[PDB]
Amino acid sequence: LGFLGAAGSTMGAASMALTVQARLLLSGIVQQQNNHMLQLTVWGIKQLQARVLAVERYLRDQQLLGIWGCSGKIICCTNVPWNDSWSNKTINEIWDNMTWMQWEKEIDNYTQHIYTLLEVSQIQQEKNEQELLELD
Amino acid sequence: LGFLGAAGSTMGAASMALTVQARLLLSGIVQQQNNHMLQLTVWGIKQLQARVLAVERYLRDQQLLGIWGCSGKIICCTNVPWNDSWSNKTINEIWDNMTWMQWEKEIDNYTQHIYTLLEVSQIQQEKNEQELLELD
Amino acid sequence: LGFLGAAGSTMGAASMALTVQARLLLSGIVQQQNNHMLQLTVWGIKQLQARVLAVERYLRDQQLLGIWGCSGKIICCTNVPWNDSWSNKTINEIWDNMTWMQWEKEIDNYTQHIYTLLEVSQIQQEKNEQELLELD
Amino acid sequence: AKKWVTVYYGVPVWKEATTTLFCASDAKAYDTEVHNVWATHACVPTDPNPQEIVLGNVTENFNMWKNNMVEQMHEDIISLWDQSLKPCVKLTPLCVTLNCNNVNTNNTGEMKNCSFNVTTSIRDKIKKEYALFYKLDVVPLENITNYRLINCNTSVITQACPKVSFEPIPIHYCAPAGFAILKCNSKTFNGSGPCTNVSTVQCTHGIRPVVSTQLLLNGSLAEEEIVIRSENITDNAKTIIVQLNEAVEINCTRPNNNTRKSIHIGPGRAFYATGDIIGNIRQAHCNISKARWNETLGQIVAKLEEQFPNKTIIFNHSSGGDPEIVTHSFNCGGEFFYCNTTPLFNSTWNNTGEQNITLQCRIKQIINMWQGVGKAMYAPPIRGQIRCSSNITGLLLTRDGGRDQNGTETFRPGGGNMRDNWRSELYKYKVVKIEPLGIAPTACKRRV
Amino acid sequence: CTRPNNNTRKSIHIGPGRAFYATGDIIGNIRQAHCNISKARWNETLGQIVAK
Amino acid sequence: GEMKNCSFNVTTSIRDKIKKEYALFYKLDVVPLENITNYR
Ligand SMILES: *[C@@H]1O[C@H](CO)[C@@H](O[C@@H]2O[C@H](CO)[C@@H](O[C@@H]3O[C@H](CO[C@H]4O[C@H](CO[C@H]5O[C@H](CO)[C@@H](O)[C@H](O)[C@@H]5O)[C@@H](O)[C@H](O)[C@@H]4O)[C@@H](O)[C@H](O[C@H]4O[C@H](CO)[C@@H](O)[C@H](O)[C@@H]4O)[C@@H]3O)[C@H](O)[C@H]2NC(C)=O)[C@H](O)[C@H]1NC(C)=O
Ligand SMILES: *[C@@H]1O[C@H](CO)[C@@H](O[C@@H]2O[C@H](CO)[C@@H](O[C@@H]3O[C@H](CO)[C@@H](O)[C@H](O[C@H]4O[C@H](CO)[C@@H](O)[C@H](O)[C@@H]4O)[C@@H]3O)[C@H](O)[C@H]2NC(C)=O)[C@H](O)[C@H]1NC(C)=O
Ligand SMILES: *[C@@H]1O[C@H](CO)[C@@H](O[C@@H]2O[C@H](CO)[C@@H](O[C@@H]3O[C@H](CO)[C@@H](O)[C@H](O)[C@@H]3O)[C@H](O)[C@H]2NC(C)=O)[C@H](O)[C@H]1NC(C)=O
Ligand SMILES: *[C@@H]1O[C@H](CO)[C@@H](O[C@@H]2O[C@H](CO)[C@@H](O[C@@H]3O[C@H](CO)[C@@H](O)[C@H](O)[C@@H]3O)[C@H](O)[C@H]2NC(C)=O)[C@H](O)[C@H]1NC(C)=O
Ligand SMILES: *[C@@H]1O[C@H](CO)[C@@H](O[C@@H]2O[C@H](CO)[C@@H](O[C@@H]3O[C@H](CO)[C@@H](O)[C@H](O)[C@@H]3O)[C@H](O)[C@H]2NC(C)=O)[C@H](O)[C@H]1NC(C)=O
Ligand SMILES: *[C@@H]1O[C@H](CO)[C@@H](O[C@@H]2O[C@H](CO)[C@@H](O[C@@H]3O[C@H](CO)[C@@H](O)[C@H](O)[C@@H]3O)[C@H](O)[C@H]2NC(C)=O)[C@H](O)[C@H]1NC(C)=O
Ligand SMILES: *[C@@H]1O[C@H](CO)[C@@H](O[C@@H]2O[C@H](CO)[C@@H](O[C@@H]3O[C@H](CO)[C@@H](O)[C@H](O)[C@@H]3O)[C@H](O)[C@H]2NC(C)=O)[C@H](O)[C@H]1NC(C)=O
Ligand SMILES: *[C@@H]1O[C@H](CO)[C@@H](O[C@@H]2O[C@H](CO)[C@@H](O[C@@H]3O[C@H](CO)[C@@H](O)[C@H](O)[C@@H]3O)[C@H](O)[C@H]2NC(C)=O)[C@H](O)[C@H]1NC(C)=O
Ligand SMILES: *[C@@H]1O[C@H](CO)[C@@H](O[C@@H]2O[C@H](CO)[C@@H](O[C@@H]3O[C@H](CO)[C@@H](O)[C@H](O)[C@@H]3O)[C@H](O)[C@H]2NC(C)=O)[C@H](O)[C@H]1NC(C)=O
Ligand SMILES: *[C@@H]1O[C@H](CO)[C@@H](O[C@@H]2O[C@H](CO)[C@@H](O[C@@H]3O[C@H](CO)[C@@H](O)[C@H](O)[C@@H]3O)[C@H](O)[C@H]2NC(C)=O)[C@H](O)[C@H]1NC(C)=O
Ligand SMILES: *[C@@H]1O[C@H](CO)[C@@H](O[C@@H]2O[C@H](CO)[C@@H](O[C@@H]3O[C@H](CO)[C@@H](O)[C@H](O)[C@@H]3O)[C@H](O)[C@H]2NC(C)=O)[C@H](O)[C@H]1NC(C)=O
Ligand SMILES: *[C@@H]1O[C@H](CO)[C@@H](O[C@@H]2O[C@H](CO)[C@@H](O)[C@H](O)[C@H]2NC(C)=O)[C@H](O)[C@H]1NC(C)=O
Ligand SMILES: *[C@@H]1O[C@H](CO)[C@@H](O[C@@H]2O[C@H](CO)[C@@H](O)[C@H](O)[C@H]2NC(C)=O)[C@H](O)[C@H]1NC(C)=O
Ligand SMILES: *[C@@H]1O[C@H](CO)[C@@H](O[C@@H]2O[C@H](CO)[C@@H](O)[C@H](O)[C@H]2NC(C)=O)[C@H](O)[C@H]1NC(C)=O
Ligand SMILES: *[C@@H]1O[C@H](CO)[C@@H](O[C@@H]2O[C@H](CO)[C@@H](O)[C@H](O)[C@H]2NC(C)=O)[C@H](O)[C@H]1NC(C)=O
Ligand SMILES: *[C@@H]1O[C@H](CO)[C@@H](O)[C@H](O)[C@H]1NC(C)=O
Ligand SMILES: *[C@@H]1O[C@H](CO)[C@@H](O)[C@H](O)[C@H]1NC(C)=O
Ligand SMILES: *[C@@H]1O[C@H](CO)[C@@H](O)[C@H](O)[C@H]1NC(C)=O
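Read top to bottom, the protein sequences are chains C, E, W, Z, S and P. Those letters in the first sequence? Residues 520 to 554, 564 to 664, by the deposited numbering. Those letters in the second sequence? Residues 520 to 554, 564 to 664, by the deposited numbering. Those letters in the third sequence? Residues 520 to 554, 564 to 664, by the deposited numbering. Those letters in the fourth sequence? Residues 32 to 139, 152 to 185, 187 to 309, 312 to 321, 321A, 322 to 358, 360 to 398, 410 to 505, by the deposited numbering. Those letters in the fifth sequence? Residues 296 to 309, 312 to 321, 321A, 322 to 348, by the deposited numbering. Those letters in the sixth sequence? Residues 152 to 185, 187 to 192, by the deposited numbering.
In structure tokens, the structure reads:
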């Protein structure tokens, strides 16, 4: 559906196509061939410094999915309840009305407190319960 | 069985040992110690530029397995049917005859169309069906 | 519980909190903003060379979990039996007595032989059995 | 029977491609000599256990002449040669007026008692200094001989590195992660083609960076026959490299015993030149065996009878050229030796300690090797002893014009390239890109 | 944009190796560079500039 | 025109020997300081 080709469309239609937004995110139309006899020019330095910032934005979120059991797929749920105090709108309502665009501007605040809680109930509690529950 | 020590052997014996081909692929006999008082020499520049191309070849395929539910293991199947028009040879036949070597030269053409179809039936359809099917 | 805030505490209390030890391990208090008009100074070279060594230590272990079916979580068991010749102490005994600190100094020796065996019983045997067992 | 797509990672399949490589070197002198021009202070180290995995059933076609590793070695050495000596003394204001005579005895050598103007420690005060140098380093222009230096024309000269070994050590090449170097440890080679026993290595052979024309000094010696490297052969015009089966030892000395003369050019900067020669006037003196060489030539003339038509006329010496091009120009102990290739091609034959064999030896200090139109280098003299402990690891040949048919096709040494010098080392190498992702259908699928 | 100043090549070496290239000799009549432009086209472009 | 027949001292191939050379240049490239026009 195109790179960010679902950003305009509502959350429901945005969750419908979000693989392309991660597909062309790394090696798409920016990777290229990457081809006086020296490569220490202004274009050589700029491409390698940008390469470091390229992986940094991917790995930051990649590590999080890995410590949530959501690493194996694009969309995976967790065993974390939603504290009503964060957002008071209906599940189905933001999906055809608010859109991911405004929605990120709503969570961004408690987003770090959400990430903190996501680590324990789904991994620090769920995967730590396995140690005893695996053999019975 | 050795780094690429199964390339000669048929697909069946090649699928038997393919972990070593990924094990020595990154930090094996090429990583090393990585040890006038400066490290801006011709060997310093060459090692770091090669390091960028090293991860690039791994991450390109690593991202694909992550968006197929095959990230958790070396060999994992998908819910994608094989269009007979791509290849007409018997499953068991290429595994003891053709070998991965010639086989890659057969798929490489529709390989991008295969990757496009692999994303939707196994992730954009299967994992998107979960949104409603997870709680019932 | 803090970065390495469980190293002092026994293995049982160390396995209780080991997500923070991987959380602040990459982009915590070392990432920063990363902000004559040129960035080729002594601080620019030192930060990018350190960035290469930063991912190298993560990816080495990240590849191993990926080839063990343990990629999806922090703690995941395997189908590998423990050869009594390696360690003769009781399971519950090292967990409240020896601590991970001394324990790493005990396994480090057979650690490569352990990694070699971990690849085959859990992946080269278990995931290779699936090829025939998936459809029946 | 219900074909479903199965994803496989770590598939042993390669694709022909070229990537940026890096060093692999073992600890040499460690204490005494710490940084030699090639290895420098910080070189990527080598592992004592290389991946010797040999792949059966693999007949991969190797490209000898069209190998991209050869071009990588060409750019690395020159860039390093420009880097080396950059922080050293610039001889830009040194080049001045030169007035001289010959020796105290009327030629019974090739040195000239020259006088000149050099700015001492203080810029304002000027001192007239007398110093030695070898032949060809100066060119005439005008009772007294009045001439100029060869540098001023062409390039800015700089004084070379002090106490830095300009002698090679085994420099192995390591390909990065997700890439592999295909090793060809096959017996015969017909100038590129399909091999027998292709191997997979992540670390190459102990290739020493060869700095010579005419003869090859280090490296691969493929046994039982002399290997003919053919870039091109049907057409005479193109260069032909030949690998030897057994090494032909060559001694290289210089019984010219020189002292140390230091003259400061402006503030701090120190210029070191040839002092005074102690003893009798004599040539460098390389030396070689008579019969051993003849024996090596025995199979060379026999192989060319098989490659080229019948027993057609085929002998002559190096044609035209400048000193560095037509003579066996090589680094030995520090200085550059320019010995003659005339007593070799003196033998005309059709049907298939030791002996005193030497060549017209001459020394040269002004050296901007590989034609350095920017930064020129002054070779510093070596105080005392000059030893060899080197080898013959091959040679370079040429054409016989563009004669149609005929019975005359006289071959001589006219190989004027540095890339072809490492083509007797990287002949067995070809870099490949590893493709671990593989798609294969089989009767199995996934469920809910 | 033209320059009907027709100049030859004069090379003078400054010390060793280094070569300095400067204006040689102008062949023909003495004249200005001569860029040139349209009268009406510009006027037409200016028409909407003053209106805006 | 706007060109000036200038003379000057340029160190030739040899540092010791000095040769007086004549070369062309365009207007504004030089600025006055002092029978004969003397500038920098
Ligand atoms: C293929 O590659 C090889 C690479 O190994 C090429 O090898 C050639 O080897 C020879 C023979 O060794 C080189 O010449 C000499 O090497 C000497 C090694 O010295 C070491 O031990 C020293 C102890 O000193 C005492 O013994 C030495 C014996 O030579 C005496 O010279 C000395 O006066 C003492 O009595 C250490 O002090 C030293 O540092 C080493 O650890 C060197 O000693 C000798 O170097 C002199 O000059 C050096 C300049 O920096 C100086 O540092 C040394 O101290 C010393 O005074 C000298 O280099 C060849 O140079 C070398 N190169 C070539 C191209 O021939 C092989 O040739 C090459 N080519 C092929 C096969 O064709
Ligand atoms: C090494 O390089 C050589 C390059 O010469 C290469 O072999 C060449 O192949 C071409 C194929 O077209 C040969 O061309 C013809 O050969 C015939 C037979 O002798 C001639 O009669 C032809 O004459 C043509 O050219 C003349 C000169 O311009 C014209 O006047 C005339 O009208 C024709 O156009 C033409 O030469 C060529 O001869 C060979 N070279 C030989 C046989 O020496 C060879 O493949 C390479 N070898 C390897 C792989 O080592
Ligand atoms: C979370 O839900 C609560 C409770 O429903 C929201 O708090 C308050 O909700 C009342 C709803 O009756 C808001 O009153 C509104 O007043 C406006 C203006 O007079 C009127 O037009 C509406 O019809 C309604 O009566 C009240 O403003 C609101 N208070 C505030 C300041 O938050 C709560 O806002 C929801 N989510 C958030 C953003 O925290
Ligand atoms: C955190 O929740 C708050 C709750 O609304 C979100 O907005 C907050 O809004 C106020 C008022 O707009 C902010 O005040 C700011 O003052 C500066 C002064 O320079 C002004 O430039 C801004 O335009 C703004 O008026 C306040 O900072 C802001 N945050 C908090 C924590 O109270 C906010 O978006 C949520 N998310 C984040 C990222 O914190
Ligand atoms: C996909 O399967 C089809 C159908 O079986 C292949 O298409 C055609 O298959 C026939 C099989 O009878 C081929 O005929 C062959 O002719 C040769 C030469 O006369 C003969 O020796 C064989 O015994 C056979 O009779 C035919 O060539 C083939 N057509 C082409 C050009 O493809 C099809 O090729 C298979 N896979 C591919 C590569 O698409
Ligand atoms: C895509 O499927 C085709 C089907 O055979 C595979 O091969 C195709 O083969 C023809 C004929 O060999 C190719 O023509 C080429 O012409 C150039 C002209 O310079 C010549 O150098 C080549 O040797 C070749 O004769 C054609 O390009 C090629 N591809 C297509 C798309 O028709 C092909 O391997 C499959 N895979 C890929 C990577 O496309
Ligand atoms: C693995 O378990 C075995 C067998 O229990 C350990 O091997 C040996 O175990 C005996 C236990 O009776 C040790 O004897 C000890 O002698 C000391 C000093 O006289 C005494 O204080 C103890 O009460 C006990 O009787 C013996 O030293 C030990 N042998 C060695 C050298 O290993 C084995 O050590 C265990 N794990 C290891 C580290 O391999
Ligand atoms: C491998 O298992 C051994 C079994 O104890 C662990 O220790 C071994 O201990 C001996 C004696 O302490 C080591 O000898 C060493 O000699 C050097 C000489 O310079 C000295 O500096 C050391 O302090 C030490 O005495 C021995 O090397 C060592 N290893 C082996 C393989 O026998 C060892 O920690 C285990 N782990 C590893 C990483 O190998
Ligand atoms: C070229 O060779 C000549 C050899 O004639 C070198 O210069 C000459 O050096 C000698 C001794 O070093 C000078 O003779 C003595 O000088 C002392 C002290 O000044 C005086 O007390 C003695 O009575 C005697 O005159 C000799 O005069 C000198 N030549 C001249 C005319 O100055 C010269 O350095 C060599 N340099 C090169 C390689 O061009
Ligand atoms: C190294 O030596 C081998 C063995 O001689 C070379 O193989 C030869 O390759 C050429 C083309 O590169 C073949 O020429 C053609 O053969 C066909 C067969 O039908 C014929 O119809 C043509 O008129 C032409 O003669 C040649 O046959 C073949 N060897 C034989 C059996 O004679 C190989 O290319 C060599 N490497 C190089 C490029 O120097
Ligand atoms: C400035 O313009 C003057 C033009 O007067 C340029 O210098 C003059 O060049 C001419 C010819 O190139 C010299 O005349 C002839 O010299 C030859 C050989 O030396 C002689 O055989 C003839 O009889 C005749 O004298 C002329 O003397 C010379 N002017 C002087 C006084 O030396 C000058 O090069 C221009 N340079 C700039 C742009 O400043
Ligand atoms: C170094 O400078 C001195 C300065 O005296 C030179 O001596 C003069 O040389 C020129 C010709 O080159 C003669 O015309 C003078 O008559 C000399 N003077 C004396 C003292 O006789 C000296 O030759 C210069 N050396 C060089 C070659 O640079
Ligand atoms: C070419 O085939 C030969 C055998 O036919 C391989 O030769 C052996 O290589 C191993 C590598 O460890 C050595 O230990 C043996 O001693 C070799 N045998 C002898 C004496 O020839 C060879 O390695 C193959 N080629 C390549 C590319 O490696
Ligand atoms: C060149 O030959 C001379 C002649 O022997 C050597 O000179 C000796 O050098 C040593 C070094 O300390 C002195 O102790 C001797 O007294 C010298 N002898 C004499 C009479 O000169 C010189 O060593 C030789 N070459 C080099 C550069 O070592
Ligand atoms: C280049 O150097 C020469 C050296 O002779 C200059 O000629 C002298 O110029 C000065 C004034 O600039 C006069 O006082 C002398 O009388 C001149 N000598 C002669 C031969 O008449 C020449 O002018 C210099 N050129 C420049 C402009 O650098
Ligand atoms: C095996 O693969 C080769 C590759 O060309 C093919 O020619 C042969 O027919 C194949 N055999 C079968 C039918 O598996
Ligand atoms: C020396 O450099 C000059 C500068 O152009 C050149 O004319 C001359 O020919 C060079 N050397 C020779 C060939 O004598
Ligand atoms: C030249 O080198 C050979 C090889 O060591 C040696 O045997 C021979 O004696 C040397 N020459 C002399 C000085 O005799």
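Even for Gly, the Cβ is constructed at its ideal location relative to N, Cα and C.
Cβ-based burial, residue i [other Cβ within 10 Å; buried from 16]
{"i": "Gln550 of chain C", "result": "exposed"}
{"i": "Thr320 of chain Z", "result": "buried"}
{"i": "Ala578 of chain C", "result": "exposed"}
{"i": "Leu661 of chain W", "result": "exposed"}
{"i": "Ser199 of chain Z", "result": "buried"}
{"i": "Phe210 of chain Z", "result": "buried"}
{"i": "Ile284 of chain Z", "result": "buried"}
{"i": "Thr248 of chain Z", "result": "buried"}
Integer-rounded CB distance, given that residue j should sit under 8 Å from residue i
{"i": "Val38 of chain Z", "j": "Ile449 of chain Z", "result": "Not quite, the Cβ-Cβ distance comes to about 54 Å (not below 8 Å), so this is no contact."}
{"i": "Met95 of chain Z", "j": "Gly235 of chain Z", "result": "6 Å"}
{"i": "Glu632 of chain E", "j": "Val44 of chain Z", "result": "4 Å"}
Where the alpha helix (DSSP H) through residue i begins and ends
{"i": "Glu657 of chain C", "result": "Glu654 to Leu661"}
{"i": "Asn195 of chain Z", "result": "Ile194 to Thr198"}
Cβ-heavy atom distance, residue i to ligand 17, below 7 Å
{"i": "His105 of chain Z", "result": "no"}
{"i": "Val430 of chain Z", "result": "no"}
Heavy atom of ligand 2 within 7 Å of residue i beta-carbon
{"i": "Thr283 of chain Z", "result": "no"}
Cβ-heavy atom distance, residue i to ligand 9, below 7 Å
{"i": "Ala319 of chain Z", "result": "no"}
Any non-hydrogen atom of ligand 14 closer than 7 Å to residue i Cβ
{"i": "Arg440 of chain Z", "result": "yes"}
Span of the beta strand (DSSP E), counted from its first residue to its last, around residue i
{"i": "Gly572 of chain C", "result": "Not the beta strand (DSSP E): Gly572 of chain C falls in the alpha helix (DSSP H), residues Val570 to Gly594."}
{"i": "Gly451 of chain Z", "result": "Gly451 to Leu454"}
{"i": "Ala319 of chain Z", "result": "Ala316 to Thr320"}
Check: residue i C-beta below 7 Å from any heavy atom of ligand 10
{"i": "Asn234 of chain Z", "result": "yes"}
Q: Go through the segment 94-125 of chain Z residue by residue and report every complete run of the alpha helix (DSSP H) that reaches 4 residues or more, in order.
A: Within the segment 94-125 of chain Z, the alpha helix (DSSP H) runs of at least 4 residues that lie entirely inside it are, in chain order, 100-114.
Q: Output the residue ranges of the alpha helix (DSSP H) runs that lie fully inside the segment 331-358 of chain Z and measure 4 residues or longer, sorted by chain position.
A: Taken in chain order, the whole alpha helix (DSSP H) runs of length 4 or more contained in the segment 331-358 of chain Z are 336-352.
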